[PDB]
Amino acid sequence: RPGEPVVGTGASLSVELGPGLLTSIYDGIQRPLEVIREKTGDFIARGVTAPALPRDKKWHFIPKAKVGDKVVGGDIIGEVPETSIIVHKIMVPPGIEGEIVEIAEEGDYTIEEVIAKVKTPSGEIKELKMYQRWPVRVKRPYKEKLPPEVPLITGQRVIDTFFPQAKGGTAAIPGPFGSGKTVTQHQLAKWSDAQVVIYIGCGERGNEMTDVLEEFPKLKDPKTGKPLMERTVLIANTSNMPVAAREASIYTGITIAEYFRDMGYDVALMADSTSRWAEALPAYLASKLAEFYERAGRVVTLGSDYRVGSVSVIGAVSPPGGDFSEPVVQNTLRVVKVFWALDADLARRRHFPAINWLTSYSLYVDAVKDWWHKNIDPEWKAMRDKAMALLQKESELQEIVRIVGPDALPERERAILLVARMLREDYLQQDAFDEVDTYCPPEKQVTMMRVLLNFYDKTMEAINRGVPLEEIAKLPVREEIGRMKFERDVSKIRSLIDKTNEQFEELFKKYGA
């Protein structure tokens, strides 16, 4: 039911975009959860019954345009406080321009009501509401797609520092989001500097549906202290749902995602995944998947004002079982510019986040280095390169030690392992359960890095002067450097640099052991 008919390839799988999207839980083709099912095919499709946006709910509409104003698609004509977190921006649908000949006054109205009328150049009068419809299969229009430039600040050291995600970029991460082996997936949803989150919690099973049904509605927004759902849109993909819906779920979400970026918001699209993502709609499948990821990006939105928004995509990769080949992983890792490899062995060893700093990668490092250099620290890129070289050296050294033992190791090599270990423990590792280290501000990330890299220089300098490594290993400032991640006052952390220098001096005084 619902209503719809047409020829060509594709009936017209659309989506409603307007107030009532937040806190909402839909499915592959947008409709309140636990509803009837669709039907697909490499041709068209069908449905059944259930709305999308509440027809009864009343929204406070605030006029942001006067009669006589000229407008274009994307222009913002009003504002609606949808939740205590997000202000919904009402825009002229794409492909509509002309003069505003009629506009509602600040009041309360339901979605179907008409809040404005635009007289097109042709003279035709178009009626505008607070919502609009769009074909999930057609990428929403924008003026220009900007090159990766701004990082998506995650707050997680390993990611922000070594494997950056650009706002509007594409990232892949292993296993199901529901997996309890790590909590990085959840840290990403609530700390990334995106105003809105579009969660396609697919690959659900056994109870991962009810595990999110009455749970998330209680998860909080660390930034405001209100429910995270108040700035989220859930898109479930259970096993009793047709392959068709799940297949359309990423398109319904990416479209809703594009819609919010059109307002000037940065939004994060997180797509969960399990075994055999779909079977609706290797060869052609590759083109499709790529097409999806291509709709990611930071753009200059439609509109008269000059506005930027973006959709960053984080997709879960779940191969049939370790094989890490087809479908998921293979095709995906070829598209995405970022890959954070949760490693079960890092996890068993209790190293968190369990991200393998040797097999992860970000093709956005150079793309975001200038933002860091201009706004946070002139030495960002040099510092991370240096820390990575350290970790790279440690890796090679540990391989060799695995063979000939560690007894023949020179002081110089022991020092490298000493500092490399401090990097792993004092920087890479982050406590998602600590009230302070759960989020690490850009400013704090670099200061901690400088404290570590300065300890390194000083360590290699002391060794070159005959200082016993054993003497440096028990240096008092080391224990402070290891609790650094727990200090919320960046200036106290920053002072460890001076505290390090003097201490080495007292080691340059005693001259040795």
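When you see a residue number, it is the position in the sequence shown, counting from 1.
A chain break between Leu281 and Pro282 is present, corresponding to 10 or more residues of the deposited sequence without coordinates. Taking the mean C-alpha B-factor of each stretch as recorded, 2-10 and 504-512 are not equal, and the higher mean is that of 2-10. Higher mean CA temperature factor, per the PDB entry, when comparing 74-82 with 418-426: 74-82. Of the residues listed, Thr161, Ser395, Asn237, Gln187, the entry assigns the biggest Cα temperature factor to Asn237. When the Cα B-factors of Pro135, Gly322, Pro141, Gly155 are read from the PDB record, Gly322 comes out highest. Annotation for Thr252: C-alpha temperature factor in the middle third relative to the rest of the modelled chain, per the entry. Sort the chain's modelled residues by C-alpha temperature factor and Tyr364 lands in the lowest third, per the entry. In the deposited entry, the Cα temperature factor of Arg483 places it in the lowest third of its chain's modelled residues. Among the modelled residues of the chain, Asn356 sits in the lowest third by CA temperature factor in this PDB entry. Ranked within its chain, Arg384 lands in the lowest third, by CA B factor from the PDB record.
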